[PDB]
Amino acid sequence: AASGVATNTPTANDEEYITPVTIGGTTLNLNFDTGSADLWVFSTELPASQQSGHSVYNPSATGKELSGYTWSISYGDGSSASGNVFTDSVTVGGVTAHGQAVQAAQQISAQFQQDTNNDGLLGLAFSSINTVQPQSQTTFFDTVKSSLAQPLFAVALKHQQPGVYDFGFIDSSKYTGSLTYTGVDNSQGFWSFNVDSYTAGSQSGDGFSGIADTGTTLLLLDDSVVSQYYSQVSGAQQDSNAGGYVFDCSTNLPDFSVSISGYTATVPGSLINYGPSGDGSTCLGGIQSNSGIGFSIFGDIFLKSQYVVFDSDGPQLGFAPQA
Ligand SMILES: COC(=O)[C@H](Cc1ccccc1)OP(=O)(O)[C@H](CC(C)C)NC(=O)[C@H](C)NC(=O)[C@H](C)NC(=O)OCc1ccccc1
Ligand SMILES: *[C@H]1O[C@H](CO)[C@@H](O)[C@H](O)[C@@H]1O
Ligand SMILES: *[C@@H]1OC[C@H](O)[C@H](O)[C@H]1O
């Protein structure tokens with residue numbers, strides 16, 4: 013039975029986490045994203061100027077083309093990418109998927125052209141939302157799941173320290189206490205769950221649903237919750253240059269917690285200080301608006317506090333405080 017550990021590393025201010033992945037012999041640095049189901053990589057089919065500063069996959073060396081197959085994806089921040097498809101061998105933390113669909117980029121939007129920190133994305137959401145046409149493909153996890161000791165993966169994302177992706181086993185040394193599990197609704201292809209209540213510093217409110225998403229930097233909540241939070245932060249103001257609410261970096265921020273099937277997941281106020289807003293001298297908050305979409309995005313700010321288990325049996329998610 014297989015199992016493996018892949019080490020992730022945060023970029024500046026923990027904007028994203030990258031992990032090495034070997035595709036057909038070449039190692040690429042990918043962003044593992046539990047909010048999408050496509051594994052796409054920078055490739056030799058991009059214009060040479062766009063290949064600059066990245067490790068690129070060359071489909072000709074080792075891939076088997078899926079004649080007539082395309083992909084096209086749009087994300088929540090407006091970025092997009094498209095191209096064609098090959099099958100190849102993909103290895104992550106020593107677990108190899110043979111015949112895994114690899115989506116070679118032919119076009120990428122500016123957000124991706126500007127980021128030289130990643131060479132593409134490895135999607136870990138449910139395969140039902142894979143964008144490959146005319147027939148959707150399976151995610152690396154779905155491809156190998158049956159070979160793993162347990163059909164699950166776990167994540168520990170940290171603040172300015174390397175963390176891990178555990179595939180096929182749970183590392184009990186990564187959290188304190190026991191895990192608490194909650195049911196997952198995968199009908200829209202996400203790792204979606206419910207919270208029964210929330211506490212934003214001195215205020216509490218009723219529950220809502222959200223998705224566990226390693227591909228989103230911040231904790232994105234309803235505008236109502238965001239207002240309530242920042243009403244308790246002296247001098248907090250919105251700065252469109254910074255991307256949302258900002259405050260003096262020395263501010264004491266309140267904690268944020270959610271109650272999930274009896275377990276209180278707490279994000280300490282020190283983790284809600286994302287970092288320098290880059291707009292003078294203020295800092296950007298880790299909590300920002302979800303733009304009225306109707307559900308919350310439990311992104312990296314939230315995940316840095318927890319060890320999270322993504323279990324295909326249920327499905328369900330397990331949580332515990334990171335050790
Ligand atoms: C179709 O579903 C998705 O797109 C899913 C789920 C989602 C749905 C709806 C809204 C938001 C997210 O996103 P995802 O796949 O995680 C997708 C992957 C990235 C690589 C494009 N992230 C996103 O779209 C989010 C909003 N983008 C981000 O968090 C970008 C990477 N980071 C980012 O915005 O950092 C915040 C920041 C602001 C200002 C200054 C510095 C930092
Ligand atoms: C993960 O689990 C597998 C199956 O138990 C081990 O063989 C592997 O070495 C790693 O501990
Ligand atoms: C990344 O890969 C494997 C190990 O867990 C180690 O902790 C790391 O540097």
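Each residue of the sequence shown is one higher than the one before, counting from 13 in my numbering.
Cβ coordinates follow ideal geometry from the N, Cα and C atoms, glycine included.
| Check | Outcome |
| --- | --- |
| Continuous alpha helix (DSSP H) stretch holding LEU315: start and end | 312 to 315 |
| Same chain only: Cβ atoms within 8 Å of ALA109, ignoring 5 sequence neighbours per side | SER101, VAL102, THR103, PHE152, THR155, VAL156 |
| Selection from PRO266, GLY189, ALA168 that minimises the alpha carbon distance to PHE179 | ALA168 |
| Cβ neighbour criterion (16 or more within 10 Å) applied to residue 9 | Given a span of 13 to 335 for the chain in the structure shown, any question on residue 9 remains unanswerable. |
| Proximity below 8 Å, CB of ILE284 to CB of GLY297 | yes |
| Reference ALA335; option with closest CA among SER190, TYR257, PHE205, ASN198 | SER190 |
| Opening and closing residue of the beta strand (DSSP E) in which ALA224 lies | 215 to 224 |
| Coil, strand or helix - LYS186 by DSSP | helix |
| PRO163 versus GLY65, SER15, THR192, residue with shortest Cα-Cα distance | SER15 |
| Test: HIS171 CB closer than 8 Å to a CB of chain B | Although the question refers to chain B, the structure presented lacks it and comprises just one protein chain. |
| Cβ-based burial, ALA113 [other Cβ within 10 Å; buried from 16] | buried |
| Reduced DSSP secondary structure (H/G/I, E/B, other) of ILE305 | coil |
| Sufficient close CB pairs (3 or more, under 8 Å) joining the stretch 119 to 135 to the stretch 35 to 53 | yes |
| Helix, strand or coil at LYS157 according to DSSP, with G and I counted as helix | helix |
| Runs of alpha helix (DSSP H) lying entirely within the stretch 112 to 162, each at least 4 residues, in chain order | 122 to 126, 152 to 156 |
| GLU77 burial status per 10 Å Cβ neighbour count (16 or more: buried) | exposed |
| Nearest-angstrom beta carbon gap, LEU232 and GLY311 [assumed within contact, 8 Å] | 6 Å |
| Proximity winner among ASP197, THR82, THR56, relative to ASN70 (alpha-carbon distances) | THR56 |
| Beta-carbon contacts of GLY304 that lie in its chain and below 6 Å, excluding the five residues immediately before and after | none |
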